[PDB]
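See structure below.
4 protein chains.
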Amino acid sequence: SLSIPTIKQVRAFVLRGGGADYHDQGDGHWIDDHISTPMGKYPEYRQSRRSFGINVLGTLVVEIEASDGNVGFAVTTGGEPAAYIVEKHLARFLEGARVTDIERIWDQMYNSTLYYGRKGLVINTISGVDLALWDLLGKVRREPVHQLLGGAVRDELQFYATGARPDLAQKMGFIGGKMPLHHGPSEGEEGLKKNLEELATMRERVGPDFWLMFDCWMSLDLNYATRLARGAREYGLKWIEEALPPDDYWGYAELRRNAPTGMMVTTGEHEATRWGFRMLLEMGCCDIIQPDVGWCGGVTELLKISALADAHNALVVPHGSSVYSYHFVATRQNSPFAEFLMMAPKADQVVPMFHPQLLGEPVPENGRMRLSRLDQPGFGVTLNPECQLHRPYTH
Amino acid sequence: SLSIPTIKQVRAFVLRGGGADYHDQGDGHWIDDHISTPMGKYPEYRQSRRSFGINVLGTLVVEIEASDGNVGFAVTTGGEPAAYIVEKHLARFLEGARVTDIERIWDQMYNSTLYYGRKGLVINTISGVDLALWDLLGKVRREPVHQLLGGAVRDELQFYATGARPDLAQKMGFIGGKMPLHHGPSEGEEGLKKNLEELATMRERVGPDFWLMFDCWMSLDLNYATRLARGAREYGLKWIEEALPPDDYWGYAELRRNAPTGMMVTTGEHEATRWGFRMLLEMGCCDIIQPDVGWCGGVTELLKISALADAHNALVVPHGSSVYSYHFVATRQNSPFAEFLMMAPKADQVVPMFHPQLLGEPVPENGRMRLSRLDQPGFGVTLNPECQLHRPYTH
Amino acid sequence: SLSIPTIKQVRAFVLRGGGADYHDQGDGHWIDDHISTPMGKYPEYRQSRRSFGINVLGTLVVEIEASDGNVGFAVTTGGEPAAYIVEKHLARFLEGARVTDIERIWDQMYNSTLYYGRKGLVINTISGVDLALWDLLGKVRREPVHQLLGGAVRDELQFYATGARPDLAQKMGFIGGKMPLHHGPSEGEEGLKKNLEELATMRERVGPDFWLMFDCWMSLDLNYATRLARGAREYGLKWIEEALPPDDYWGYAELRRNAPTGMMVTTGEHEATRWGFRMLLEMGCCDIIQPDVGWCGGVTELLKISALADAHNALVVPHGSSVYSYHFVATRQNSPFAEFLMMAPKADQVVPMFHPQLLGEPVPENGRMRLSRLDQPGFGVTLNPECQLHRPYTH
Amino acid sequence: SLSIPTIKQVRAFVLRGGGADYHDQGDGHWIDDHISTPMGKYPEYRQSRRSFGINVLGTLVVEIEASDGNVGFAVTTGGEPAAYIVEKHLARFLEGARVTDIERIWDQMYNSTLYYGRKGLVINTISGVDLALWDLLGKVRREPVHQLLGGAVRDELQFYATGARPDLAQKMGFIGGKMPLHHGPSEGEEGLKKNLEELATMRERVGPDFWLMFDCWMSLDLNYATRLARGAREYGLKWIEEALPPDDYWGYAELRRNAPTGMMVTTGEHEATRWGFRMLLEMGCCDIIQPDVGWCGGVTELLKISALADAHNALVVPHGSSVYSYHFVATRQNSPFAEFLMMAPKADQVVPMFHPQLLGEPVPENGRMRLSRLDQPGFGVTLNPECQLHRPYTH
Ligand SMILES: [Mg+2]
Ligand SMILES: [Mg+2]
Ligand SMILES: [Mg+2]
Ligand SMILES: [Mg+2]
């Protein structure tokens, strides 16, 4: 049988400016233009999410070198504190292990960090290592990750675009456009009117069939979300996303019940592990779960989260994670379409989602992506040599 | 990247005499010695399960030849009627497909047979094909199946033994002994006393720590099972298995609630798909689910069933399926120990579980199985040339 | 009215060796002596919790300097990664604020870190800052923290002692002794017998009335915990703590239902926020919630958690946090007794809980602590000059 | 540390004519002009609430003198019978106690009156003493009560006005207008038509965005309330308040379910303690709880009620209690806006809510109140020397 290499060393680097950390941006970007958030109730933190620190972490790069010379890697959000965790804590569970010990390594990472993990940063870190491991395994086997995950179930991926210009997204071939909500509860009725006006304007431009969705980034309360959803019915809003904070399971269940018949309620990008998603599904909190592969626990855990959704006959549409989501969703019956975040400042052109960190990163063409483009080993990308890496720790 | 072969042809064969169909035995075997079943209420069908036709199907052998010459295969219960389904119906979804299209092929087999499937024989058939596909993928990758399923999470498997001699199993290093219940409700109080006498005798021989369990093969009613469990508490019975018919979800939940504190209720060998097991788990029907990989939908579906169990923090101890279960359970955190069926007529020695069909089949060595022993490609076994195959159908 | 000062600067430091991070110990300590944990299923990580990295973070020291010269501080678990969060992210919400803006500062810290927080390390960090804020407010007001929290409701605190020697704790005046469980599920029946033997031995030494408890540090599964509790009834075990991982709300509810009548099930030291505890209380997961003030969100959030418990008429016995818990529990009707960790290596004498970091730290005197002893401003302690602080980051 | 004074004496006085007892009015006031109540079914008690005795108690004034000369006080509804309770019963728990023993004193007051308390008058009395204690503590510390309650979370309070002239309230800067319902179930369809006509007239005058609410003072039945709410949908009614009697928890839950999507159901001004509000929240009886600080148990208990609402992510908008509510709500994230009762006979001008009892009482200016106006110690008000006090009892 094939001689399986062992893991020689694990390394963590930090990278800043775009890439995995969607919000690690500069000035003039739609993704930081008055997005409604839980902090919006404070005027001083309403115009910019960066002002309250959404960009304090940056990107965590994890590299895993095997005894055969192969090197797998992945990028996610975490930066220096995450690098500390990788170098000082998690490395011990990987070094010396066979590259195929995926399930065992994940279990040790999760159980060993349980005392300060469960959700958030620690899970982001575990996800990063996990992705790097799958990248390495793919490289060792000389096959793309989708083939290690049961194979694709569709010949191409179809995308909806997230950004402030759903009208421009339609012209680019996308199947729908998810817009950021710009006004929250603290802006009262005037803000609600402005929210609905924005949706109305886009509906007029795109026609009655193009999909339109609202992303609320955990910024509303039950009543406001209920009224926004009801008011959006007139414009055929397909779904309302992350209306409430992730810990409010009860509120999501109520919102889904009070929502217009046919309109979906989605959430999950800030939820983690099979247990977090079990709570969402069992309490009937949403119609679509949206875990981020780089934050929910990685591919190993997403496989379990996905199977849970399968049993619940629920749709799983991961929070756009570049090739990390593309390789995964291609193999899932429960993920008929995918999210493509428009990282161009004015959302007026398609650019790689994790630009400029990944070389070889495919992007939708007329809103689609042929599976044939994901034919390289692992996740099929290489780290851009132009991105200055920083290794804050060693072990 | 590696050149993935396509599937050239699928073939179905029938084999009789032992093997995958555990009950396809001759005379004098403990496995057919007055085992309590739902038919026990009829004196004419009480002594032998073969009398009511538990051995009417025999073994289904599925072979899948790839364009590179590799041939994967698997064995399960189904015989001629299953071969008909494989050759006349399922073959079309596999031939021409890339060997890595596992998820897509499974979905097509299940959705195309829904009108006459869901559970039973049709799922057994789908499972056999699925197993042959995983064997083939392992051979193409030149790796044992456990490495394709996330890698082992333990260095060895530990087994409990199923048969009429738990005392002898103890001497052979097994961690426990599950014995068949010989008397059902129609045999009244005398039968109940006999059941408890057999347990008492074995408990006396093995000491207070050795695990002892009762397998009831769907033969009881709620009250009888309740009383049997209570009476068995005095002997520290670890669990009572398949006390009721598979369709009685409600009864299982009630039984589990009325069971002695600490004693477990298990079931599942006659349950199929992620949805069947979701019902068992959500309704609180059992403490351990026991799907048979060759009957529940195969490895592909068992992965999803297992993930569901993970979310429910439930134990999964698959019904023994020789190498097909060994390779799978080795990779699951939720499967700490495994079942080994004692197929020797008097359960007084260890013999290959699927004897005589599988050459190279590993047997437990003093109740354990080092993972280092499962180092060959696929499921690591070959079809015994001695077994005369029969090809009932072609396509 | 009193002139309220503003916050001039917040600083984060890292300290190693004992202190707030209970597990940051050296060799020969009972607290690292074969404690049962979720990693115990791996022989390599069974003897020492330090081997899997329970001591990788160390202590986070937060200092908050006000415009009047007063400086509040606190210690908790978090180290360098937590310091990064404090300096690079949280500082902005405090500097310039009036020292009395506690509720507003907490809300901003939590809502600004939601995208990578909710539980774990980020909450530990928020908790440390919150504790330093309360220490500062107490110093500005020139009053002990208990007087800022509604005043004491008892004249003295009474403690139960946690460590491997409940017998010695009895001789030192404590009201009970909580001992660490040393064997988990992977150690089977032999381990279960050993666990019960240790309990039996201690019960024999202390008599039938002295309280005895078992701390399981998230290491069991439902069935094992069920059997351990039943076996411990013979020895009058008062409660079984953290039997299951924090994310298994469903399992806890089941365990509490199957627990011996009168025996309590407790958990919560690894749970955070009002919402995490709402889930525990509403689902009937435990009889006593045990949040750690330095990990659950700080005093500000613990006040809300405590009020929730009040409505549920539930007991709240916070995980011991030295003066940070003493000042809080003294004011709560729902916290009749408190936890005191025996940090002496052999748990054979009383030493300061957060030794050697806090000068002026009060120790129980014959198992009790008169409130008259907590008469100094804030939390009444000073940073030990001996401890060499490290300032990893600035802002 | 600061030397904390003790309580020297507690005194209770009675005051009549306006003030704390909102309904202790004379002729010609909107607050007594055909308000719908549970007694409305009797024609003789329909025109005036005073006719059935809503004004039989008057105001209870509680004074607490400390050893340092400081004197705290508060006003609420209770009069002579409440004074009896204060002087003859509650005084014993306060005199001799340190002014900071807030939690202990409250507990003793509640537990000692449990046999004839729980809700109603007795709790009003406890609330009065509790407020006087917080006023005293604020005076001793020389800080406004909001700073003792975690500090303000907003720079100003925004108010909606309660009275028969929401149109005039809009012109005065208020954010909304809550109108009293004038017709109940016994007036049949004619009365329902008149109720909706009144709402229609006000909606025409104020425009589509100004908030309009209906206060029903416990006067309806489930069906009538359901039909009124449905009929008010046309006029964008924001919420329907106290539709049913306080003991009908089941009815409130049903009403909230049958209510127009987006319209809120509120109640609680006649509910008391953490347990009363737990029942409301857990049974899903309302979207907003409206405890009166002077009737629900005081600030000490409202802190617990508020925390409960926090866990339930529910809005808390206290039933206008002058400075007693202002100081509290300023510190709560869950109380974004406040109620201001228009005590002017024709609701055509702003006058102090507790006029003429409190000197130094702030009032909304153009519908808002800067937190800077609540800068005096305690609740910042003094008893008006012109109000003839009466001390019916001594002890
Ligand atoms: Mg989103
Ligand atoms: Mg069985
Ligand atoms: Mg503990
Ligand atoms: Mg009202």
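Residue numbers (the authors' numbering), protein chains in the order written: chain B, 2 to 396; chain A, 2 to 396; chain A', 2 to 396; chain B', 2 to 396. A prime marks a further copy of an entry chain.
Where a beta carbon is used, it is the ideal one built from N, C-alpha and C, also for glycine.
Within chain A', the residues 248 have their CB atoms less than 9 angstroms from the CB of residue 274/B, given in chain order. One thing to note: residue 41/A' has its Cβ no nearer than 7 angstroms to the Cβ of residue 307/A'.
Residue 68/B' and residue 371/B' have their C-alpha atoms spaced approximately 33 angstroms apart. Pairwise C-beta distances place the segment 155 to 165 of chain A in contact with the segment 331 to 347 of chain A, as three or more of them are shorter than 8 angstroms. Relative to ligand 3, residue 216/A' has its C-beta within less than 6 angstroms of a heavy atom. The beta carbon of residue 144/B sits no closer than 6 angstroms to any heavy atom of ligand 2. The Cβ of residue 104/B sits closer than 7 angstroms to at least one Cβ of chain A. Only those residues of the segment 232 to 260 of chain B whose C-beta falls short of 7 angstroms from the nearest C-beta of chain B' are listed: 249, 252 and 259. Per DSSP, reduced to three states, the secondary structure at residue 350/A is coil, with no helix or strand assignment. Residues of the segment 46 to 61 of chain B with a C-beta atom less than 7 angstroms from some C-beta of chain A' are 53, 54, 55, 57 and 58, listed in chain order. The bridge partners DSSP lists for residue 159/B' are 369/B'. Annotation: the continuous alpha helix (DSSP H) that includes residue 197/B extends over 189 to 207. In this chain, the beta strand (DSSP E) harbouring residue 216/B covers 212 to 216.
At least one heavy atom of ligand 3 lies closer than 6 angstroms to the C-beta of residue 243/A'.
Judged by DSSP in its simplified three-state form, residue 26/B' adopts coil rather than helix or strand. Around the beta carbon of residue 268/A', a 10 Å sphere encloses 16 or more other beta carbons of the protein chains shown; the residue is thus reported as buried. Between the segment 142 to 156 of chain A and the segment 180 to 200 of chain A there are fewer than three C-beta pairs closer than 8 angstroms, too few to call the two in contact. Within the model, the alpha-carbon separation for residue 46/B' versus residue 217/B' is close to 16 angstroms.
Taking every protein chain shown into account, the CB of residue 4/A has fewer than 16 other CB atoms within 10 angstroms, so this residue is exposed. Neighbours of residue 145/A across chain B, judged by C-beta separation under 7 angstroms: 2.
In the assembly as shown, residue 276/B is a buried residue. Its beta-carbon has 16 or more other beta-carbons within 10 Å.
Collapsing the DSSP output to three states places residue 89/A' in a helix. Between ligand 4 and residue 270/B', a heavy atom-to-CB distance of less than 6 angstroms is present.
For residue 309/A, the chain B residues whose C-beta falls within less than 7 angstroms of its own C-beta are 308, 309 and 312, listed in chain order.
With a cut-off of 8 angstroms on Cβ pairs, the segment 107 to 122 of chain B' is not in contact with the segment 339 to 356 of chain B', counting fewer than three such pairs. In terms of beta-carbon proximity, residue 152/B lines the interface with chain A, with at least one pair separated by less than 7 angstroms.
By the Cβ criterion, the segment 125 to 134 of chain A' is in contact with the segment 78 to 94 of chain A', since at least three pairs of Cβ atoms, one from each stretch, lie closer than 8 angstroms. The C-beta separation of residue 332/B' from residue 30/B' comes to about 32 angstroms, leaving the pair out of contact by the 8 angstroms criterion. Contacts with chain A' (Cβ-Cβ distance below 7 angstroms) from the segment 278 to 306 of chain A involve 288, listed in chain order. Secondary structure of residue 240/B' (DSSP, three-state): strand.
Flagged as an interface residue toward chain A': residue 263/A, by a C-beta distance shorter than 7 angstroms. Nearest CB-CB separation between residue 210/B' and chain B: below the 7 angstroms threshold. For residue 123/A', same chain residues with a beta-carbon under 7 angstroms away, outside a window of 5 residues either side, are 86, 114 and 117 in chain order. Annotation: residue 207/B' to residue 257/B' spans about 26 angstroms, alpha carbon to alpha carbon. Contact of residue 159/A' with chain B' is not assigned, every C-beta pair being separated by 7 angstroms or more. Annotation: the segment 233 to 314 of chain A' contains the following complete segments of the beta strand (DSSP E) (minimum length 3 residues), in chain order: 240 to 242 and 265 to 268.
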